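Below is the file data30.cif, which contains mmCIF, C-alpha atoms and all ligand atoms.
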data_structure
loop_
_atom_site.label_atom_id
_atom_site.label_comp_id
_atom_site.auth_asym_id
_atom_site.auth_seq_id
_atom_site.Cartn_x
_atom_site.Cartn_y
_atom_site.Cartn_z
CA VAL N 2 -10.32 -53.37 9.03
CA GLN N 3 -12.70 -52.03 11.68
CA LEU N 4 -16.10 -52.09 9.91
CA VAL N 5 -17.50 -54.88 7.73
CA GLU N 6 -20.79 -55.93 6.13
CA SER N 7 -22.35 -59.39 6.01
CA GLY N 8 -25.32 -60.96 4.27
CA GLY N 9 -27.13 -60.21 1.03
CA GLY N 10 -27.09 -61.62 -2.47
CA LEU N 11 -29.56 -62.55 -5.18
CA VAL N 12 -33.16 -61.50 -4.51
CA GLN N 13 -35.86 -63.77 -5.90
CA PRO N 14 -38.95 -61.53 -6.27
CA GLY N 15 -40.98 -62.20 -3.14
CA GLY N 16 -38.21 -63.80 -1.08
CA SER N 17 -36.52 -62.83 2.17
CA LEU N 18 -32.93 -61.75 2.73
CA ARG N 19 -30.52 -60.77 5.50
CA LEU N 20 -27.96 -57.95 5.59
CA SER N 21 -25.64 -56.43 8.17
CA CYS N 22 -23.00 -53.84 8.98
CA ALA N 23 -20.42 -53.74 11.77
CA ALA N 24 -18.35 -51.28 13.80
CA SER N 25 -15.19 -51.37 15.92
CA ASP N 26 -15.95 -50.16 19.46
CA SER N 27 -18.91 -49.13 21.60
CA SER N 28 -17.79 -45.50 21.33
CA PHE N 29 -17.96 -45.86 17.54
CA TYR N 30 -21.71 -46.51 17.70
CA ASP N 31 -22.02 -43.47 19.99
CA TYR N 32 -24.08 -41.69 19.37
CA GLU N 33 -25.76 -42.30 16.00
CA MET N 34 -25.53 -45.21 13.57
CA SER N 35 -28.06 -44.94 10.75
CA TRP N 36 -28.71 -47.33 7.88
CA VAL N 37 -28.42 -45.99 4.33
CA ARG N 38 -28.71 -47.34 0.81
CA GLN N 39 -27.58 -46.04 -2.55
CA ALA N 40 -28.73 -46.97 -6.03
CA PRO N 41 -27.52 -46.72 -9.64
CA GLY N 42 -30.13 -44.55 -11.34
CA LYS N 43 -32.46 -44.37 -8.36
CA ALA N 44 -31.54 -41.63 -5.91
CA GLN N 45 -29.57 -42.46 -2.79
CA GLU N 46 -31.73 -42.78 0.32
CA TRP N 47 -31.15 -43.61 3.98
CA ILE N 48 -32.64 -46.92 5.10
CA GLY N 49 -33.05 -46.69 8.87
CA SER N 50 -31.92 -44.56 11.77
CA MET N 51 -31.58 -45.23 15.50
CA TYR N 52 -31.35 -41.98 17.43
CA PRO N 53 -29.42 -41.87 20.74
CA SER N 54 -32.41 -40.56 22.72
CA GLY N 55 -34.14 -43.96 22.69
CA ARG N 56 -36.85 -42.99 20.20
CA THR N 57 -36.56 -44.36 16.67
CA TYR N 58 -38.38 -42.51 13.88
CA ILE N 59 -37.80 -43.82 10.37
CA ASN N 60 -38.61 -41.73 7.32
CA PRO N 61 -42.41 -41.45 6.79
CA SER N 62 -41.87 -42.89 3.31
CA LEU N 63 -39.44 -45.60 4.51
CA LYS N 64 -40.82 -46.39 7.98
CA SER N 65 -43.28 -49.09 6.81
CA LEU N 66 -40.93 -51.23 4.69
CA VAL N 67 -37.72 -51.95 6.65
CA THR N 68 -37.18 -53.51 10.08
CA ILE N 69 -34.04 -52.33 11.90
CA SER N 70 -32.33 -53.88 14.94
CA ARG N 71 -28.87 -53.77 16.51
CA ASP N 72 -26.67 -56.54 17.92
CA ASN N 73 -23.42 -55.47 19.58
CA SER N 74 -21.95 -58.96 20.13
CA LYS N 75 -20.56 -58.92 16.59
CA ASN N 76 -21.42 -55.21 16.25
CA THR N 77 -23.70 -56.58 13.51
CA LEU N 78 -26.89 -54.83 12.40
CA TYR N 79 -29.77 -56.85 10.96
CA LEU N 80 -31.25 -55.67 7.65
CA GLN N 81 -33.76 -57.46 5.44
CA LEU N 82 -34.98 -57.00 1.87
CA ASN N 83 -38.46 -58.04 0.74
CA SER N 84 -40.14 -58.11 -2.68
CA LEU N 85 -37.80 -56.15 -4.92
CA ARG N 86 -39.02 -55.47 -8.45
CA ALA N 87 -37.21 -54.60 -11.68
CA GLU N 88 -37.39 -50.86 -10.89
CA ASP N 89 -35.41 -50.92 -7.63
CA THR N 90 -31.75 -51.54 -8.54
CA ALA N 91 -29.92 -50.43 -5.39
CA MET N 92 -26.26 -50.61 -4.36
CA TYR N 93 -25.67 -50.63 -0.61
CA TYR N 94 -23.03 -48.69 1.32
CA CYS N 95 -22.68 -48.38 5.10
CA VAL N 96 -22.06 -44.63 5.46
CA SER N 97 -22.58 -42.70 8.69
CA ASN N 98 -23.57 -39.07 9.36
CA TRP N 99 -26.01 -38.42 6.54
CA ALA N 100 -28.08 -36.03 8.66
CA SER N 101 -25.00 -33.76 8.68
CA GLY N 102 -24.92 -33.00 4.95
CA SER N 103 -21.96 -33.94 2.78
CA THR N 104 -19.46 -32.60 5.34
CA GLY N 105 -19.62 -35.31 8.02
CA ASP N 106 -20.28 -38.51 6.10
CA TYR N 107 -17.51 -41.13 6.11
CA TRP N 108 -16.65 -42.75 2.77
CA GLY N 109 -14.78 -46.04 2.59
CA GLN N 110 -15.19 -48.82 0.03
CA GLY N 111 -18.48 -50.55 0.82
CA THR N 112 -19.97 -53.18 -1.46
CA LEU N 113 -21.62 -53.14 -4.88
CA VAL N 114 -25.19 -54.46 -5.16
CA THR N 115 -27.18 -55.08 -8.34
CA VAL N 116 -30.91 -55.84 -8.19
CA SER N 117 -32.48 -57.05 -11.44
CA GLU X 309 12.46 49.37 -1.41
CA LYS X 310 15.41 47.32 -2.64
CA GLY X 311 15.95 44.05 -0.82
CA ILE X 312 15.17 40.36 -0.65
CA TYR X 313 11.75 39.63 0.86
CA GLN X 314 10.26 36.28 1.80
CA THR X 315 6.68 36.01 0.55
CA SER X 316 5.49 32.42 0.95
CA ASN X 317 6.42 28.75 0.93
CA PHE X 318 5.87 26.22 -1.82
CA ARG X 319 5.64 22.46 -1.38
CA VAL X 320 5.78 19.69 -3.96
CA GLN X 321 2.21 18.40 -3.91
CA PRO X 322 1.94 14.59 -3.85
CA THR X 323 1.01 12.69 -6.99
CA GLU X 324 -1.06 9.49 -7.22
CA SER X 325 -1.14 7.59 -3.92
CA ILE X 326 -0.48 3.86 -3.48
CA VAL X 327 -1.13 1.18 -0.88
CA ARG X 328 0.89 -2.02 -0.45
CA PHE X 329 -0.18 -5.21 1.33
CA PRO X 330 1.32 -8.69 1.64
CA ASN X 331 0.72 -12.07 -0.01
CA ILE X 332 -1.11 -15.27 1.07
CA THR X 333 -4.58 -13.76 0.77
CA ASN X 334 -6.59 -16.95 1.33
CA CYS X 336 -9.56 -21.07 3.87
CA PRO X 337 -11.83 -23.19 1.64
CA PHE X 338 -15.19 -21.48 2.03
CA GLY X 339 -16.30 -23.52 -0.99
CA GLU X 340 -16.31 -26.64 1.20
CA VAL X 341 -19.21 -25.06 3.13
CA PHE X 342 -21.41 -24.01 0.21
CA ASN X 343 -20.32 -26.58 -2.40
CA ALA X 344 -21.49 -29.43 -0.17
CA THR X 345 -23.52 -31.80 -2.34
CA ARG X 346 -26.43 -32.11 0.11
CA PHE X 347 -27.52 -30.16 3.17
CA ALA X 348 -28.64 -31.69 6.45
CA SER X 349 -31.98 -31.72 8.24
CA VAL X 350 -33.29 -28.45 9.68
CA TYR X 351 -32.92 -29.90 13.19
CA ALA X 352 -29.17 -30.48 12.68
CA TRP X 353 -27.85 -26.99 11.95
CA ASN X 354 -24.08 -27.02 11.44
CA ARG X 355 -21.56 -24.42 12.59
CA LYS X 356 -18.65 -25.10 10.25
CA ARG X 357 -16.38 -22.76 12.17
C1 LIG N 401 -18.49 -24.22 -6.22
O1 LIG N 401 -18.74 -25.16 -7.37
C2 LIG N 401 -18.96 -24.47 -8.64
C3 LIG N 401 -19.02 -25.50 -9.75
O2 LIG N 401 -20.07 -25.17 -10.66
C4 LIG N 401 -17.85 -23.46 -8.94
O3 LIG N 401 -18.21 -22.70 -10.10
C5 LIG N 401 -17.63 -22.52 -7.80
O4 LIG N 401 -16.52 -21.65 -8.10
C6 LIG N 401 -17.35 -23.26 -6.55
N1 LIG N 401 -17.19 -22.27 -5.43
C7 LIG N 401 -15.87 -22.05 -4.82
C8 LIG N 401 -15.71 -21.05 -3.68
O5 LIG N 401 -14.93 -22.66 -5.22
#

Could you take the file, read its structure, and then write that structure out as structure tokens?
Amino acid sequence: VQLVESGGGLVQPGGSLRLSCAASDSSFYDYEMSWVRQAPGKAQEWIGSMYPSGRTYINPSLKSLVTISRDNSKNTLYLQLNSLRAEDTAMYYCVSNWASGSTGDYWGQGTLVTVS
Amino acid sequence: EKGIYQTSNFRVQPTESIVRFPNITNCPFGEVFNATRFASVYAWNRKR
């Protein structure tokens, strides 16, 4: 095992939550490590992205809802969920290289998330 | 006059022509076009 995820669970509507993903080495984060969600029913979408040039530009539709930060001590990666409603059932995977199409993304096992 | 005279030549003209080439006429070009999603227009890929 070289990458893991930590945090998450039941989401009381209007409550706060913590989520994370990890990596193995500093070269693994090089150069891009972007957050991504998936969802049963709702289309898959990428959560956050940290570009290697120092400038971070989240999606114009997803740049005002998620805060993204990186901690390399555990290789952890803070993620928070706020005010989920009954229409946002999402299942979270930590998959890299989504700005490369479906030819560079890495698929493992991930975790299954249900939001009621 | 009497004698044996050579007039012309005659060749057996060739019938239908053929061409033969080997096996193993292939790489998976589908893996380029049958990708589920394409990337951003600032990340053009050269799948060599
Ligand atoms: C790509 O996927 C479609 C499935 O509808 C298939 O018909 C097509 O033959 C595939 N292309 C190649 C080169 O395999």

Q: Set the cut-off to 6 Å, count only C-alpha atoms and all ligand atoms, and list whatever residues fall near ligand LIG 401 (chain N) as a list in words.
A: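 Sorted by chain and then by number, the residues are residues 338, 339 and 343 of chain X.
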
Q: Could you list, as a PyMOL selection string, the residues of chain N having an atom within 9 Å of chain X when counting only C-alpha atoms?
A: chain N and resi 99-104

Q) Got a sec: who's within 9 Å of residue N:18, counting only C-alpha atoms, leaving out chain neighbours fewer than 5 positions off, as number ranges by chain? A) N: 8-12, 80-83

Q) Which residues come within 12 Å of residue N:74, counting all atoms listed in the file, excluding same-chain residues fewer than 3 positions away, as a PyMOL selection string? A) chain N and resi 23-27+71+77-78

Please return the centre and edge lengths, in Å to one decimal, of a box with edges along x, y and z that contains all listed atoms of stretch 50-62 of chain N, widened by 5 Å on every side, as AutoDock Vina command-line options.
--center_x -35.9 --center_y -42.9 --center_z 13.0 --size_x 23.0 --size_y 14.7 --size_z 29.4

Q | Separation of atom CA of residue N:47 from atom CA of residue N:73 in Å | A |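 Between atom CA of residue N:73 and atom CA of residue N:47 the gap is 21.1 Å.
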
Q. When distances are computed from all atoms listed in the file, which of N:68, N:112, N:60, N:98 shows the smallest separation from residue N:30?
A.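 When distances to residue N:30 are compared using all atoms listed in the file, the smallest one comes from N:98.
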
Q.
For a test of reading the model, state the distance in Å between atom CA of residue N:37 and atom CA of residue N:94, rounded to one decimal.
A. 6.7 Å

(Q) Can you measure atom CA of residue N:67 to atom CA of residue N:86 for me? One decimal in Å is fine. (A)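 These atoms are spaced 15.6 Å apart.
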
Polymer residues at most 10 Å from residue N:88, only C-alpha atoms, same-chain spacing of 5 or more positions, as a tab-separated table (two decimals) with C-alpha atoms, keeping the file's coordinate frame:
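Output saved as around.tsv:
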chain	number	residue	atom	x	y	z
N	42	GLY	CA	-30.13	-44.55	-11.34
N	43	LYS	CA	-32.46	-44.37	-8.36
N	116	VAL	CA	-30.91	-55.84	-8.19
N	117	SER	CA	-32.48	-57.05	-11.44
